[PDB]
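Chain by chain, the residues run as shown.
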Amino acid sequence: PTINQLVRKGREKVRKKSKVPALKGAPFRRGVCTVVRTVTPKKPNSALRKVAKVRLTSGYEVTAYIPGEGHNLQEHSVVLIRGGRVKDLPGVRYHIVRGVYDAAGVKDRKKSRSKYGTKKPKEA
Amino acid sequence: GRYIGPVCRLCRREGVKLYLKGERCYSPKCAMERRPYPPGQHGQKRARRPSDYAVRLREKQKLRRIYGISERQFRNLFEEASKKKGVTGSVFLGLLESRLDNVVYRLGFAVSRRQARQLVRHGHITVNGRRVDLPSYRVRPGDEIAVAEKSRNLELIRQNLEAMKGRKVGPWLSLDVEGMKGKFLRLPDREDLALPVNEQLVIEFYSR
Amino acid sequence: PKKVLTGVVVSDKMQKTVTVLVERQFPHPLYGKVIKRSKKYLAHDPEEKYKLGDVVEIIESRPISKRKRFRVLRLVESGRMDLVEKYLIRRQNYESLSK
Amino acid sequence: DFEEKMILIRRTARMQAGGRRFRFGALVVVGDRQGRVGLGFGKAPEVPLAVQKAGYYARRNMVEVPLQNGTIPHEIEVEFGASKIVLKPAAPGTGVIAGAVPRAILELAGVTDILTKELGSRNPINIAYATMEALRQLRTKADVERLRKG
Amino acid sequence: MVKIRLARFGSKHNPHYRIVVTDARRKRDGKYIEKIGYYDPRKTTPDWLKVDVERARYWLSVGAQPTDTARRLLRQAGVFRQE
Amino acid sequence: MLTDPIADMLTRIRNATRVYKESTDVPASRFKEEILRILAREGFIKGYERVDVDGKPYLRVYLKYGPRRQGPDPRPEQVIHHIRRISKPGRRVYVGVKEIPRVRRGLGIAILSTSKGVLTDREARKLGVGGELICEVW
RNA sequence: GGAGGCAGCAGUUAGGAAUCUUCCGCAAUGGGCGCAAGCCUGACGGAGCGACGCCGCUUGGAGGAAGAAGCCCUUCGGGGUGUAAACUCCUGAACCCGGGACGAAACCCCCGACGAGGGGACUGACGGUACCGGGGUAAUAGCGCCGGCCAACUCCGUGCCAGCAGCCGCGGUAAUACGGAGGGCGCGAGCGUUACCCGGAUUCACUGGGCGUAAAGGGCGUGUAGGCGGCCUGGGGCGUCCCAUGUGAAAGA
Ligand SMILES: [Mg+2]
Ligand SMILES: [Mg+2]
Ligand SMILES: [Mg+2]
Ligand SMILES: [Mg+2]
Ligand SMILES: [Mg+2]
Ligand SMILES: [Mg+2]
Ligand SMILES: [Mg+2]
Ligand SMILES: [Mg+2]
Ligand SMILES: [Mg+2]
């Protein structure tokens, strides 16, 4: 634009989009598993992926990935939702925080232990 | 902080002989002499040519390891140097070298910089007559750095000040072996320290 | 000091009041161009002495009504119906912006 | 005994009846760290000949860098294609503040302290070529006074 | 009324006051009319009580009351002695 | 009808220099001359002279170049590598003395209109005055 | 018929991913009342809890093998962990003993005049705390990452499963990308994660971008407001520039 145009109409400041109505802009959210179930990924990948539909304190029911080999979530398990999507399950915008509320840690886990909510194993 | 854990193992990896044990890292032993390759299952394999990052990471790490200083303390020390007047590289060394734990090593009251830390920290050092136990303490031009009167005749201190009869202490300093006193005269010039460290690459590390 | 402003009389439809239009110019805070904005001031004229086209110093004052906080200081020059016509064209053009 | 720094290796491909067919391209900077630098882009059916040729062409395309205590006489912005390099002298202690491509180029020229921005298209090649064009256009106070006399 | 009094600065276990003149109704640490001295009750430095006497006198003469504790400190720097 | 005669003058210089003209003509103004006075004084141009094309005042400006050069492309280097209007009718640029620019780190010149005349950055700074940033040259 | 209004300090309860003691003391500073003594002061000064944040400090130091064992790799000679340990000396966090603050000199009292000025008395929550002296024990280490960006690689298990994932994408039976081991890199009483802001983003571009074909010239005139306006001389001095001066509180920088 000419400077006069810029005077008259100016520049539109960007404005940008949450990936994550964990409402409020909370960093986490309590919810209850409504359904726990397995789903299949989008074309390139193939798996039986573990997700829970989750009804939230935030007023919203959404799906959420259950990370870790193995889990203990069932129909009313309480859960901490985390944010983070999965490039592979469409409309899974959130993860479940293992190690919190009714989400158990991941058993036998020994490497990336603090994700996966796993207590430091005893070196008896 | 001060790391705590195997040293003449980064006397290696940096691939260049720091002096973390003082006395042994002079014997046919600093492993630079024996095993001048990085630690671990690899180490003696084909060196892959370093990324521009690794070049600088290593240079930064080299310098830091030399003084036994936490990265948080180091970056701070560095950011202070940058704001300070004139050449950030040179100045930054001078600030590292102004440290009490290191001044004490440069005086040879202690063999290694680790040791100097432990001495300072245990009340054995005194600056201008009052006792200081803060390794990080900043030493200023004109300060008397002595050995505490009660500590004066300790096995380790006599050994160490016995070896200082003979030696020349770096030009920016004075030493009084008989009376166990030292004087920080001025800040170290960039050349007064023959450091195995291109400090200009360290500035560049912090530019990212 | 009491703020003095000068500008033209663009209305004298009121009793003992003239509407006085003040142009002013500032650099744009970001883009720097000198811009020209304008404000109208109701100005006390207790002796209905000022007429349309009069260019007048306006001076800050003890409130005289809601809106009126400026008396007419003096008459810089007279019959500038060109500046009056300008403002009225700007005003009449509004009739052609609605639905 | 110029130094040499290997800036870019890539493998291009072209097409033939039933086949992709490859070729390599190497961008190599060559320089003494004392005001002389070279850029060369070499291609060959295998990597080391490409690097080799690059080396050759660089030593054959070199430049007057007018250093001044490890920095540069004055600002320059060069556009090369849709790539842009901005170059700003700096006092000592600054370091060479630059992307990997123009860093290499400036280090081997013997630049110690300088500030830079890659703008526009970051394509390493056109950035390289523009860094070079920038330095090729630097002038010293002396170069300038000489140009204007009587 | 207006006051000559100690505004607390410094830090925890580090009292360092400013001798300041201020409406009585301000909060203690609030806005003040003018600074005149400073005071360090622990004399950690030799220049631990300072006062600008010629100003304190202006303020006393236009009806500022000093705090007991402030008075003591102006007295000590001879705001009150008159030869 | 020419919106910016100064700009047009600078542009006549740049256009001429890029084809290595001996000289060029620019319709005359006192202000234009004062700019040229400086270009000359700083050695970007050999100098100018008033003249009269078809009954009308121009300033014929005499361009200056470097030596002819070696290799493919022997075109002289420009003395005027760059000449750019700053202040312009659509956005006037004004700067006081303490924020006058240093152009190309000293090797360039800025030019401004001041209440003491048309000065360079160096003249102005040493006179203590700001003004309109007419243009920068290097 | 009455009573009530913690968005005062604490605290409860609910909501929440989540945020403290129903603490000590008016000794200080400040406030209200009083001639004063003094009363009141959840302002305040302190203590407590929380790695929430920042700064500082410790978990040893010097010696110690062509190099134990274990464990990992192995081309079955070795190689790695590693001077790391064991081991010898040395020092002595914590502890325990003794001593022990500054912060507090006024108000008041007496001489002087109930002024200035000189002299006297009381007063400490924090706190038996800080700190000083004397004894004195080798005394917590973990977290993330090692496909590229990005610093750091081998073996086993697995076989589009389990799983990883910020993007490219990894996983189909030799996977440096899954899981574990050893090894490494990076930080270190922390290390990661998620959320949000700026950066990178010259990707709203004043600095500092664009529209033939990438997104972008209005289908074309006419024209209102508006924006912009050739050459010369004078007056004004609004823009503009200069100087002085006031203001730009404190804190922060
Ligand atoms: Mg992982
Ligand atoms: Mg781009
Ligand atoms: Mg709840
Ligand atoms: Mg931006
Ligand atoms: Mg664009
Ligand atoms: Mg198309
Ligand atoms: Mg198009
Ligand atoms: Mg068209
Ligand atoms: Mg018009």
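Structure shown above.
These remarks concern the structure in this document.

Rules of the game
Residues numbered from 1 in each chain as written, not as in the entry; some residues may be left out. Chains lettered and ligands numbered in written order. Part of a larger assembly, values for the part shown. Heavy atoms only, no water. Helix = DSSP H or I, 4+ residues; strand = E, 2+ residues; numbered from the N terminus. Buried < 20%, exposed > 50% of the residue type's maximum accessible area, 1.4 Å probe, protein only. Contact = heavy atoms within 4.5 Å. Areas by Shrake-Rupley, 256 points an atom, 1.4 Å probe, with all protein chains shown as cover. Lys, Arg positive; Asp, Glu negative; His and termini not counted. Charge placed at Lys NZ, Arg CZ, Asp CG, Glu CD. Pairing = 2+ DSSP bridges. Axes fitted to C-alpha atoms, helices over the stretch in contact; angles between N-to-C directions. Expected span 1.5 Å × (residues − 1). Disulfide = S-S within 2.5 Å. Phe/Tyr/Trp six-rings, centres within 6.5 Å; stacked < 30°, edge-to-face > 60°. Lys NZ or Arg CZ within 6 Å of the ring centre and 35° of its normal.

This part covers the overall build of chain C. Of the regular secondary structure elements, chain C holds one helix and five strands. Counted from the first residue to the last, chain C has its helices and strands arranged as β-β-β-β-β-α. For chain C, the spread of C-alpha atoms along the principal axes amounts to about 40 × 35 × 30 Å. Burial analysis of chain C (99 residues in total) assigns 34% to the buried set. The contacts of chain C with a sequence gap of at least 6 include a subset with a gap of at least 24, amounting to 51%. Counting every atom, chain C has about 7,100 Å² of accessible surface; 51% of that belongs to carbon and sulfur. Computed over 24 positive and 12 negative side-chain charges, the separation of the two mean positions in chain C equals 8 Å.

Another point: the sheet that holds strand β1 (residues 2–11) of chain E. Residue and element names in this part refer to chain E. Taking strand neighbours across the sheet as the criterion, the five strands line up as β4-β3-β2-β1-β5 in an open arrangement whose pairing is mixed. Every interior strand has two partners, whereas the edge strands, β4 (49–51) and β5 (65–66), have only one. Relative to β5, β1 runs parallel, the two sharing two bridges. Bridged to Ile 4 within β5 is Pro 66. With respect to the sheet, helix α1 (residues 53–61) is in contact with β1, β2 (14–23), β3 (34–39), β4 and β5, its orientation differing from that of β3 by roughly 125°. Helix α2 (residues 68–76) contacts β1, β3, β4 and β5 of the sheet and is inclined by roughly 90° relative to β1.

So, about helix α2 (residues 30–41) of chain F. Residues and elements named next belong to chain F. Counted at 1.5 Å a residue, the expected span for α2 with its twelve residues is 16 Å, and the 17 Å between its end C-alpha atoms agrees. Along α2, the residues classified as buried are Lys 32, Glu 33, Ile 35, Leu 36, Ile 38 and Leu 39. In the stretch just after α2, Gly 43 is the one whose phi turns positive, near 90°.

The subject of this paragraph is the pairing of strand β4 (residues 78–81) of chain A. Residues and elements named next belong to chain A. Side chains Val 78 and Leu 80 project from β4 onto one buried face, and the interleaved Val 79 and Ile 81 project onto a second face that is buried too. Pairing geometry for strand β1 (residues 29–39) and β4, over four bridges, is antiparallel. Paired with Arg 30 across the two strands is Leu 80, which belongs to β4.

Residue and element names in this part refer to chain B. Applying the stated criterion across every chain yields a total of six disulfides over all chains. Note on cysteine connectivity: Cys 8 is disulfide-linked to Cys 11, with sulfurs 2.5 Å apart. The disulfide partner of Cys 25 is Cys 30, and the S-S distance across this bridge is 2.4 Å. Each member of the pair, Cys 25 as well as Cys 30, is classed as buried.

Time to look at the packing of aromatic side chains. All names here are of chain B. Enumeration according to the criterion identifies 14 aromatic pairs over all chains in this entry. Taking 5.0 Å as the distance between ring centres and 80° as the angle between the ring planes, the aromatic pair formed by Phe 74 and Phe 92 counts as edge-to-face. Of this pair, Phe 74 sits in helix α2 (residues 71–83) while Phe 92 is found in helix α3 (residues 88–96), placing the two residues 18 residues apart along the sequence. Consider the rings of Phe 205 and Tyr 206, whose centres lie 4.8 Å apart with planes at 85°: the pair is edge-to-face. One aromatic cluster is present, built from ring pairs that chain together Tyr 53, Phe 74, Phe 78, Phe 92, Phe 205 and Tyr 206. In this structure, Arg 12 packs its charged tip against the face of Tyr 37, placed 5.9 Å from the ring centre. Positioned above the aromatic ring of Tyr 105, the side-chain terminus of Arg 113 is 4.6 Å from the ring centre.

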